[PDB]
């Protein structure tokens, strides 16, 4: 079928797009860099199996894909945002508006555009790549963290109205997901090379390692395959058992 994967170059985009592609889906890909013809084409050249789009806005995109490839059957809103860690009083109120717009508004807009067609054919799948930070908050990241929670809940609420139209909605909240070259949010350097970061990951996750893109993709391809729609409304914590709680003094 036809699927859309946003910000394909960062976070969980590549594992998603690629695995969905492997699963024989037509995968239209969105990303900021697809504004410049050089970047888009460089992309379509390197990945002949992915269909990169230039459209940037939600509605514009949905339409581009609907026309170009018939319709949108799967939506993987892979949302990102570059947050600053800061005491609440040191943030600017616009620093929160940025986070909310990038992590909550964007996916809402996306579902607000493709929603009618899926409901009309009574079929489709919706997936949000959010974050596992709401499950175990770090201090001084209130903006990013709270916005992610809104997205998780958005997904669950939507599963309630779209179930009637046979449309599953899921939220996958990762943490410590190897983003490889992308800086969102766990690039090979330093997470896989610098001893300190390697030891941190080792300590805070139960599996003692970063999550791989293939694992994320396998989940997305599985959910979008229609093999287990009864899971609609589920928030998946892709965080290798994180967080590992520190134990009492004297314990290994």
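Positions refer to the first chain, counted from 1.
- Of the two stretches examined, 173-181 and 152-160, the record assigns the greater average C-alpha temperature factor to 173-181.
- When the mean C-alpha temperature factors of 142-150 and 94-102 are read from the deposited coordinates, 94-102 comes out higher.
- Note on 216, 210, 204, 61: the highest value goes to 61, judged by CA B factor as recorded.
- Per-chain ranking of the deposited C-alpha B factor places residue 108 in the lowest third.
- Among all modelled residues in its chain, residue 18 ranks in the middle third by Cα B-factor.
- When the modelled residues of the chain are ordered by their C-alpha B factor, residue 43 lands in the highest third.
- Sorting the modelled residues of the chain by their CA temperature factor places residue 69 in the highest third.
- Ranked against the other modelled residues of its chain, the C-alpha B-factor of residue 34 as given in the entry falls in the highest third.
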